[PDB]
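One chain is shown next in structure tokens, namely the form deposited in one PDB entry.
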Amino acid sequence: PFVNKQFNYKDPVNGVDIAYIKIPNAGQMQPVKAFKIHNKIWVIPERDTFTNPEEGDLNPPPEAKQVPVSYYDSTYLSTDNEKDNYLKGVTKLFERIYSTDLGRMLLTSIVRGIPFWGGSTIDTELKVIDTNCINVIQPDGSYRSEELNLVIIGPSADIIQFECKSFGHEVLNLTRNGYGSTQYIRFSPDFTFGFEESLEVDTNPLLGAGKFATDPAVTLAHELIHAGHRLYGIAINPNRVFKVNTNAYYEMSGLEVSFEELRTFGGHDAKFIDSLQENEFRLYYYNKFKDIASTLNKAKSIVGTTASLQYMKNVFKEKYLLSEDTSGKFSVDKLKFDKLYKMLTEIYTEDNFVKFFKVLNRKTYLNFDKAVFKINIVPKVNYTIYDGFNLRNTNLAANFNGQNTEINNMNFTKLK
């Protein structure tokens, strides 16, 4: 959320909110300079060649093997100035999101969504799960383990393939059992996508469709919504997909969209999800939350040196909005759960963010992007926390001209 400290990539490491870190990996990675921009949230201005071993290089695939919807440049985010700009761009997008009442709530939910301490083999012992932490290097090369909820990191080979990912477990399905896990968002504020939209009020579209660019704040908000679902362990299995049926015959015949994506987008898209299937999920996760309250009730010991058992129990009472009786026992109140669940799944949506930002955006998740543009959101003359590209007191604040790649062509450089 709000970043109450000016961060310059060049600032010296202080081992607190500026330091070199290592994430739970398979290959002995070399540490990277990271910045803690807010409680539980870090930003790593580096291309992601760490989280997944299979993706340990920025080498682009054969020209004729890379999809039409992609962009490669192994040179992007390699210099200090680029990293500084990346850091400033990410910080600025967080502030824009935070400036909205919806954004402030989402970020507050993310910070409160500490991954559950379900790593013990003993059902009466609370223990942190190692992959929900990072290792912060100390002056003596030593490492300090620190819990965190979210990491914003640079994209891997395909620069426009933004996604929210996290480390799995041997048996637990952390993003779907109510526990949650630390989320890593591959993202860049230096590029955006173009889409077609007709603002024509009349009935004479005899000249085509307008060419606009997606506001990066909306794109980040979209990934943060996924992070929210995953931090609270209520993400829908990616295998549960949908084959558009406004007009369908039998056994597919066109592209497909996942339920998780449709839910995250919101609007008419989410309205397609059967109210029955919706309640099925709600009751399922209601019970997962009950199992968590039960685990906390049975806890008799805790691993670690800093936090006491009562301290962590309080952390999770707050996260899951559990009710506590005089005996100190926890329970899940149906009403409270329904409210939290609705907040995370129906209120926090891309469509609702577009409403709060008052910007132009794809009307449907199905509206495929047409191109990729190079941008620079850092300078105040190009983009601001409150108006984005549509600068008030200027022509750009009229008819979303600021997002119009034709009109505001100086802010969008086509790359593909």
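Whichever C-alpha set is largest while still superposing within 1.5 Å between the two forms counts as the rigid core. So that there is no doubt, residue numbering starts at 1 and follows the sequence shown.
The higher RMS C-alpha distance to the shown form in 4 other deposited structures of this protein, out of 93 to 101 and 255 to 263, belongs to 255 to 263, with every structure fitted on the core. Using the rigid core as the fitting frame, the root mean square C-alpha deviation in 4 other deposited structures of this protein is greater for 138 to 146 than for the other of 138 to 146 and 178 to 186. Relative to one another, 69 to 77 and 87 to 95 have unequal mean CA B-factors, and 69 to 77 is the one with the higher figure. Here 114 to 122 and 224 to 232 are compared by their mean Cα B-factor, and 114 to 122 comes out higher. Looking at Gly208, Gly266, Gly103, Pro189, the one whose CA carries the top B-factor in the deposited record is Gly208. The PDB entry assigns its highest CA temperature factor, among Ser308, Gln183, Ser142, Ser156, to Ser142. Ranked within its chain, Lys329 lands in the highest third, by CA B factor from the PDB record.
Sorting the modelled residues of the chain by their CA temperature factor places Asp48 in the middle third. Sort the modelled residues of the chain by CA B factor and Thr384 lands in the middle third.
Ranked by C-alpha B-factor against the other modelled residues of its chain, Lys271 falls in the highest third. For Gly254, the recorded CA temperature factor ranks within the highest third of the chain's modelled residues.
The form solved in complex with a partner chain is left out here; the points below concern that form.
Residues with any non-hydrogen atom within 4.5 angstroms of its partner chain in the bound PDB entry fall in just one of 85 to 93, 220 to 228, 291 to 299, 277 to 285: 220 to 228. Proximity of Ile160 to its partner chain in the bound PDB entry falls within the 4.5 Å heavy atom cutoff.
At the 4.5 Å threshold, heavy atoms of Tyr76 stay clear of its partner chain in the bound PDB entry, well away from it.
Put simply, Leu391 is far from its partner chain in the bound PDB entry: not one heavy atom of it is within 4.5 Å. The closest heavy atom approach of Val378 to its partner chain in the bound PDB entry falls outside 4.5 Å. None of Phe353, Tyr383, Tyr365, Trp42 but one reaches within 4.5 angstroms of its partner chain in the bound PDB entry through a heavy atom, and that residue is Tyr365.
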